[PDB]
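Peer 1: Sending over a structure as structure tokens; questions will come in a sec.
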Amino acid sequence: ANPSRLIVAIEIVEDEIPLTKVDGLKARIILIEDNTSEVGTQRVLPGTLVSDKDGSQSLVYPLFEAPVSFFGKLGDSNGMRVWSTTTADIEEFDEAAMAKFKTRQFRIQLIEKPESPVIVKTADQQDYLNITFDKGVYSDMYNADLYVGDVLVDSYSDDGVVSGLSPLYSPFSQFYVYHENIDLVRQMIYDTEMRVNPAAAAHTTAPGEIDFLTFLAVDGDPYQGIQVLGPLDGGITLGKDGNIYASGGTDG
């Protein structure tokens with residue numbers, strides 16, 4: 001009756017964190033479980049976090065949302081991984097593209113259980129897809145558009161034409177990005193950090209360059225104005241090994 005679904009969100013509050021206090025942010029990645037609402041209608045809402053500093057309450061910002069392509073509880077076997085790029089790693093990434101468009105480059109990969117989980121290769125047979133959460137970014141390195149919304153489904157799909165094989169379809173039928181929420185979240189972290197650690201403006205020159213998922217700065221270094229909350233603290237670790245699955249699949 002109902003597809004499984006993945007909704008990724010971020011819970012943030014203002015608090016005194018440690019700076020290894022100081023005034024910055026307490027954040028944690030969370031999943032919202034809803035297969036009822038129409039896709040793209042999650043709201044920013046107060047979470048369960050409170051602030052030791054001033055009694056303020058956390059807010060929860062839906063970031064993105066992806067429905068599974070097919071009915072059934074088995075759709076709950078679909079999920080994904082996501083991580084930001086860094087001028088610290090083994091692989092490189094499109095540094096001039098980022099420069100030009102002042103946005104951050106991310107890698108997303110689809111996965112399936114049984115779990116390590118199994119990696120769903122893209123059509124062109126790559127292990128992962130290079131994306132930006134912003135529109136208009138075109139990469140000369142990968143000669144592709146990078147915007148997730150425009151490219152993911154399409155990339156894990158293959159109508160079979162010049163391919164000659166059985167049409168291939170993506171396990172996720174659409175990737176909806178909450179642009180406004182993301183911009184709201186990045187600004188928040190950009191501001192906080194420019195204040196806390198103003199040298200960080202050297203490579204983080206725009207709010208659009210903020211990694212709001214794994215909270216690494218471009219240089220590779222985790223922002224000094226964020227204190228991340230892992231599973232110990234009600235959170236979810238994203239990243240190369242950070243597995244998240246759709247849910248709420250119903251058979252009827």
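FYI, nothing fancy with the structure tokens labels: chains A, B, ... in order, residues from 1 per chain, ligands from 1 as they appear.
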Return as a tab-separated table the residues of region 114-203 of chain A lying at most 12 Å from region 14-35 of chain A, together with the closest atom-to-atom pair for each and the distance in Å to one decimal, counting only C-alpha atoms, with rows in chain order and ascending residue number.
Peer 2:
residue	atom	partner	partner_atom	distance
A:185	CA	A:27	CA	10.4
A:186	CA	A:25	CA	11.9
A:188	CA	A:25	CA	8.8
A:189	CA	A:25	CA	7.6
A:190	CA	A:24	CA	10.6
A:191	CA	A:24	CA	9.3
A:192	CA	A:24	CA	5.6
A:193	CA	A:24	CA	7.4
A:194	CA	A:24	CA	10.4
A:195	CA	A:24	CA	8.8
A:196	CA	A:24	CA	7.2
A:197	CA	A:19	CA	9.8
Peer 1: Could you pull out the residues in region 152-238 of chain A that DSSP calls strand (DSSP E) from the backbone, as a list in words?
Peer 2: residues 176, 177, 226, 227 and 228 of chain A
Peer 1: Using N, CA, C and O atoms, can you write the selected residues to a file as an mmCIF file, in the first residue's frame?
Peer 2:
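again-v6.cif, written as the output of this step:
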data_model
loop_
_atom_site.group_PDB
_atom_site.id
_atom_site.type_symbol
_atom_site.label_atom_id
_atom_site.label_comp_id
_atom_site.auth_asym_id
_atom_site.auth_seq_id
_atom_site.Cartn_x
_atom_site.Cartn_y
_atom_site.Cartn_z
ATOM 1 N N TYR A 176 14.006 14.654 -2.912
ATOM 2 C CA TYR A 176 13.471 15.985 -2.649
ATOM 3 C C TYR A 176 14.384 16.660 -1.695
ATOM 4 O O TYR A 176 14.698 16.086 -0.661
ATOM 5 N N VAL A 177 14.816 17.871 -2.033
ATOM 6 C CA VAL A 177 15.729 18.637 -1.178
ATOM 7 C C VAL A 177 14.987 19.821 -0.584
ATOM 8 O O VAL A 177 14.354 20.579 -1.319
ATOM 9 N N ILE A 226 30.660 23.504 16.428
ATOM 10 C CA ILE A 226 29.657 22.461 16.556
ATOM 11 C C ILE A 226 30.097 21.370 17.509
ATOM 12 O O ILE A 226 31.271 21.089 17.654
ATOM 13 N N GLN A 227 29.147 20.806 18.220
ATOM 14 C CA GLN A 227 29.436 19.675 19.056
ATOM 15 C C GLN A 227 28.437 18.648 18.585
ATOM 16 O O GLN A 227 27.239 18.832 18.780
ATOM 17 N N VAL A 228 28.929 17.596 17.926
ATOM 18 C CA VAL A 228 28.062 16.589 17.313
ATOM 19 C C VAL A 228 27.601 15.567 18.338
ATOM 20 O O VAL A 228 28.336 15.228 19.255
#
Peer 1: With 10 Å as the cut-off and only C-alpha atoms counted, what is the closest atom pair between each nearby residue of region 140-241 of chain A and region 97-118 of chain A? Distances in Å to one decimal, ordered by chain and number, as a Markdown table.
Peer 2:
| residue | atom | partner | partner_atom | distance |
| --- | --- | --- | --- | --- |
| A:140 | CA | A:97 | CA | 7.7 |
| A:141 | CA | A:97 | CA | 8.4 |
| A:146 | CA | A:105 | CA | 8.5 |
| A:147 | CA | A:105 | CA | 9.8 |
| A:148 | CA | A:108 | CA | 9.0 |
| A:152 | CA | A:108 | CA | 9.0 |
| A:156 | CA | A:110 | CA | 9.0 |
| A:170 | CA | A:110 | CA | 9.5 |
| A:171 | CA | A:110 | CA | 8.3 |
| A:172 | CA | A:110 | CA | 8.9 |
| A:203 | CA | A:99 | CA | 9.7 |
| A:204 | CA | A:102 | CA | 9.1 |
| A:205 | CA | A:102 | CA | 7.8 |
| A:206 | CA | A:102 | CA | 6.3 |
| A:207 | CA | A:103 | CA | 8.1 |
| A:208 | CA | A:103 | CA | 4.7 |
| A:209 | CA | A:103 | CA | 4.5 |
| A:210 | CA | A:104 | CA | 6.7 |
| A:211 | CA | A:104 | CA | 6.8 |
| A:212 | CA | A:104 | CA | 9.7 |
| A:213 | CA | A:106 | CA | 9.6 |
| A:217 | CA | A:104 | CA | 9.6 |
| A:218 | CA | A:104 | CA | 8.2 |
| A:239 | CA | A:107 | CA | 9.1 |
| A:240 | CA | A:109 | CA | 8.6 |
| A:241 | CA | A:116 | CA | 9.0 |
Peer 1: Report the residues of region 30-105 of chain A whose backbone DSSP state falls under helix (DSSP H, G or I), written as a PyMOL selection string.
Peer 2: chain A and resi 73-77+95-101
Peer 1: Just checking: using only C-alpha atoms, which residue out of A:223, A:120, A:179, A:1 ends up closest to residue 73 (chain A)?
Peer 2: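 For residue 73 (chain A), the nearest of the given residues is A:1.
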Peer 1: Quick one: pull the distance between CA of residue 123 (chain A) and CA of residue 215 (chain A), Å, one decimal.
Peer 2: 29.6 Å
Peer 1: Contacts of residue 89 (chain A) at 10 Å or less, counting only C-alpha atoms, minus same-chain residues fewer than 4 places along, as number ranges by chain?
Peer 2: A: 85, 93, 219-220
Peer 1: Go ahead and save the picked residues with N, CA and C atoms, as an mmCIF file, in the first residue's frame.
Peer 2:
data_model
loop_
_atom_site.group_PDB
_atom_site.id
_atom_site.type_symbol
_atom_site.label_atom_id
_atom_site.label_comp_id
_atom_site.auth_asym_id
_atom_site.auth_seq_id
_atom_site.Cartn_x
_atom_site.Cartn_y
_atom_site.Cartn_z
ATOM 1 N N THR A 85 33.105 16.135 0.841
ATOM 2 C CA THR A 85 34.462 16.040 0.316
ATOM 3 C C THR A 85 35.436 16.891 1.139
ATOM 4 N N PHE A 93 38.375 15.967 -5.739
ATOM 5 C CA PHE A 93 37.009 16.369 -6.063
ATOM 6 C C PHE A 93 37.077 17.670 -6.843
ATOM 7 N N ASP A 219 38.900 22.080 4.857
ATOM 8 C CA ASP A 219 40.284 21.674 5.120
ATOM 9 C C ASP A 219 40.369 20.287 5.680
ATOM 10 N N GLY A 220 39.260 19.800 6.196
ATOM 11 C CA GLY A 220 39.188 18.446 6.697
ATOM 12 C C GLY A 220 38.819 18.407 8.144
#
